[PDB]
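K.L.:
What follows is a single structure, and I will ask about it in a moment.
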Amino acid sequence: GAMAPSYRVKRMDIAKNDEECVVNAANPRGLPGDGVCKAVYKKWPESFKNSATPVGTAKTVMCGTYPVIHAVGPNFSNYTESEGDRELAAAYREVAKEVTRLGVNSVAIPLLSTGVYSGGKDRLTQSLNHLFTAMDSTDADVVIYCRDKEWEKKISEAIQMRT
Ligand SMILES: COCc1cc(C(N)=O)no1
Ligand SMILES: [Cl-]
Ligand SMILES: [Cl-]
Ligand SMILES: [Cl-]
């Protein structure tokens with residue numbers, strides 16, 4: 001475990017993370033995809049061997065000794081708000097199980113279902129709150145990655161609010 005488990009946020013490419021493992025915002029078919037998933041494919045392509053997994057699950061594949069946790073959030077274009085919310089919460093619960101099983105002291109994680117799977121809605125708060133629900137009981141240092149300057153400020157504020 002980390003000596004004083006923390007949350008932090010950084011605005012940069014998650015493929016340049018300084019953590020002991022990474023969470024990919026994967027598609028269910030283990031395809032290279034776009035956004036976070038394409039960056040992850042370019043950096044760790046060996047981790048896409050048999051990485052296909054259903055919505056609401058996470059599947060870990062090693063790139064050398066570096067773990068890539070493929071977490072599949074729902075595409076809110078296809079799911080109802082209700083069913084999508086349940087699957088987005090479940091994906092993060094499976095991430096916490098994998099992070100625990102791997103024994104890592106730190107994890108880089110993107111906000112699942114906030115990009116092309118968002119169904120055109122701002123889901124910062126929804127996705128971040130499901131992240132916290134899952135990861136609060138783990139003792140890994142969590143570093144959240146994003147692209148947008150306004151999102152960095154809002155994620156930082158939400159972390160600081162809990163102290
Ligand atoms: C905010 O989604 C766009 C995005 C983020 C990234 C990344 N590499 O973290 N690539 O595309
Ligand atoms: Cl960058
Ligand atoms: Cl997304
Ligand atoms: Cl972002």
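If you're wondering about the labels, chains in the structure tokens are A, B, ... by order shown, residues count from 1 in each chain, ligands from 1 in order shown.
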Got a sec to check which residues lie within 10 Å of ligand 2, using only C-alpha atoms and all ligand atoms, and send them as JSON, numbers by chain?
P.N.:
{"A": [10, 11, 12, 13, 14, 15, 16, 17, 146, 147]}
K.L.:
Compute the set of protein, DNA and RNA residues whose minimum atom distance to ligand 3 is at most 10 Å, using only C-alpha atoms and all ligand atoms, and state it as a PyMOL selection string.
P.N.:
chain A and resi 25-27+34-37+72-76+110-119
K.L.:
Taking into account only C-alpha atoms, which residue in the set A:132, A:7, A:41, A:48 is nearest to residue 156 in chain A?
P.N.:
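Checking each of A:132, A:7, A:41, A:48 against residue 156 in chain A, counting only C-alpha atoms, the winner is A:7.
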K.L.:
Would you list, as a PyMOL selection string, the residues of range 65-113 of chain A that end up in strand (DSSP E or B) under DSSP run on this structure's backbone?
P.N.:
chain A and resi 66-71+106-110
K.L.:
Given only C-alpha atoms as the basis, pick out the residue of A:104, A:158, A:88, A:142 nearest to residue 54 in chain A.
P.N.:
A:88
K.L.:
With only C-alpha atoms as the atoms that count, which of A:46, A:139, A:157, A:152 lies nearest to residue 106 in chain A?
P.N.:
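Answer, going by the shortest atom-to-atom distance: A:139.
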K.L.:
Quick one: of A:24, A:125, A:77, A:6, who's nearest to ligand 1, counting only C-alpha atoms and all ligand atoms?
P.N.:
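Nearest candidate to ligand 1 out of A:24, A:125, A:77, A:6: A:24.
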K.L.:
Run DSSP on the backbone of this structure and report the residues of range 28-129 of chain A it assigns to helix (DSSP H, G or I), as a PyMOL selection string.
P.N.:
chain A and resi 36-43+45-48+81-102+124-129
K.L.:
Those selected residues, please, written with C-alpha atoms and delivered as a PDB file, in the first residue's frame.
P.N.:
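Contents of part00.pdb, as written:
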```
ATOM      1  CA  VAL A  36      -7.207   7.420 -24.319  1.00  0.00           C
ATOM      2  CA  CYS A  37      -7.605   3.910 -25.891  1.00  0.00           C
ATOM      3  CA  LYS A  38      -5.511   4.797 -29.028  1.00  0.00           C
ATOM      4  CA  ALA A  39      -2.740   6.412 -26.874  1.00  0.00           C
ATOM      5  CA  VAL A  40      -2.715   3.219 -24.722  1.00  0.00           C
ATOM      6  CA  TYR A  41      -2.574   1.056 -27.923  1.00  0.00           C
ATOM      7  CA  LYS A  42       0.467   3.021 -29.247  1.00  0.00           C
ATOM      8  CA  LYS A  43       2.317   2.800 -25.877  1.00  0.00           C
ATOM      9  CA  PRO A  45       0.184  -2.672 -27.892  1.00  0.00           C
ATOM     10  CA  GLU A  46       1.177  -6.079 -26.419  1.00  0.00           C
ATOM     11  CA  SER A  47      -1.513  -5.460 -23.726  1.00  0.00           C
ATOM     12  CA  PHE A  48      -4.312  -5.860 -26.349  1.00  0.00           C
ATOM     13  CA  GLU A  81     -29.300   6.839 -18.164  1.00  0.00           C
ATOM     14  CA  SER A  82     -30.340   4.274 -15.474  1.00  0.00           C
ATOM     15  CA  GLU A  83     -28.621   1.183 -16.986  1.00  0.00           C
ATOM     16  CA  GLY A  84     -25.564   3.232 -18.061  1.00  0.00           C
ATOM     17  CA  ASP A  85     -25.145   4.623 -14.531  1.00  0.00           C
ATOM     18  CA  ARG A  86     -25.212   0.998 -13.122  1.00  0.00           C
ATOM     19  CA  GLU A  87     -22.614  -0.240 -15.697  1.00  0.00           C
ATOM     20  CA  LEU A  88     -20.321   2.806 -15.122  1.00  0.00           C
ATOM     21  CA  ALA A  89     -20.333   2.162 -11.317  1.00  0.00           C
ATOM     22  CA  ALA A  90     -19.656  -1.593 -11.965  1.00  0.00           C
ATOM     23  CA  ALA A  91     -16.641  -0.927 -14.289  1.00  0.00           C
ATOM     24  CA  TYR A  92     -14.953   1.132 -11.509  1.00  0.00           C
ATOM     25  CA  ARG A  93     -15.718  -1.571  -8.861  1.00  0.00           C
ATOM     26  CA  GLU A  94     -13.890  -4.130 -11.156  1.00  0.00           C
ATOM     27  CA  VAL A  95     -10.938  -1.666 -11.483  1.00  0.00           C
ATOM     28  CA  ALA A  96     -10.631  -1.537  -7.646  1.00  0.00           C
ATOM     29  CA  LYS A  97     -10.583  -5.406  -7.505  1.00  0.00           C
ATOM     30  CA  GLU A  98      -7.792  -5.546 -10.165  1.00  0.00           C
ATOM     31  CA  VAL A  99      -5.687  -2.777  -8.516  1.00  0.00           C
ATOM     32  CA  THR A 100      -6.015  -4.706  -5.180  1.00  0.00           C
ATOM     33  CA  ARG A 101      -5.141  -8.109  -6.755  1.00  0.00           C
ATOM     34  CA  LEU A 102      -2.011  -6.677  -8.521  1.00  0.00           C
ATOM     35  CA  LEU A 124     -17.345  14.697 -14.934  1.00  0.00           C
ATOM     36  CA  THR A 125     -19.181  14.565 -11.553  1.00  0.00           C
ATOM     37  CA  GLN A 126     -21.052  11.260 -12.309  1.00  0.00           C
ATOM     38  CA  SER A 127     -17.884   9.439 -13.448  1.00  0.00           C
ATOM     39  CA  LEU A 128     -15.584  10.934 -10.735  1.00  0.00           C
ATOM     40  CA  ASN A 129     -18.083  10.057  -7.933  1.00  0.00           C
TER      41      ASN A 129
END
```
K.L.:
Which of these residues is nearest to residue 151 in chain A, using only C-alpha atoms: A:130, A:28, A:122, A:18?
P.N.:
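Selected residue with least distance to residue 151 in chain A: A:122.
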K.L.:
What does the distance between CA of residue 60 in chain A and CA of residue 33 in chain A come to in Å, to one decimal place?
P.N.:
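Rounded to one decimal, the two atoms are 17.3 Å apart.
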K.L.:
Quick one: distance from CA of residue 32 in chain A to CA of residue 55 in chain A in Å, one decimal?
P.N.:
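Computing it gives 16.3 Å between the two atoms.
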K.L.:
Determine, counting only C-alpha atoms, which protein, DNA and RNA residues have an atom within 9 Å of an atom of residue 4 in chain A; residues of the same chain fewer than 3 positions away are not included. Present the result as a PyMOL selection string.
P.N.:
chain A and resi 1+139-141
K.L.:
Any chance you could export the current selection's C-alpha atoms as a PDB file, in the first residue's frame?
P.N.:
```pdb
ATOM      1  CA  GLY A   1       0.000   0.000   0.000  1.00  0.00           C
ATOM      2  CA  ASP A 139      -4.690   1.982  -0.474  1.00  0.00           C
ATOM      3  CA  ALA A 140      -3.071   2.746  -3.869  1.00  0.00           C
ATOM      4  CA  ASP A 141      -2.087   6.354  -4.736  1.00  0.00           C
TER       5      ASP A 141
END
```
K.L.:
Nearest to ligand 4 among A:136, A:9, A:66, A:108, with distances taken over only C-alpha atoms and all ligand atoms: which residue is it?
P.N.:
A:9
K.L.:
Mind checking which residues fall within 7 Å of residue 109 in chain A, counting only C-alpha atoms, ignoring those fewer than 5 positions away in the same chain, and posting them as a ChimeraX atom specification?
P.N.:
/A:22-23,143-145
K.L.:
Hey, can you spit out that residue selection with C-alpha atoms as a PDB file, in the first residue's frame?
P.N.:
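Listed below is the output, part.pdb:
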```pdb
ATOM      1  CA  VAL A  22      -2.631   2.132 -16.004  1.00  0.00           C
ATOM      2  CA  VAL A  23      -6.395   1.885 -16.562  1.00  0.00           C
ATOM      3  CA  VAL A 143      -3.617   9.786 -10.175  1.00  0.00           C
ATOM      4  CA  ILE A 144      -6.552  10.891 -12.385  1.00  0.00           C
ATOM      5  CA  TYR A 145      -5.594  12.004 -15.938  1.00  0.00           C
TER       6      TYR A 145
END
```
K.L.:
Could you state the separation of CA of residue 67 in chain A and CA of residue 44 in chain A in Å, given to one decimal place?
P.N.:
9.5 Å
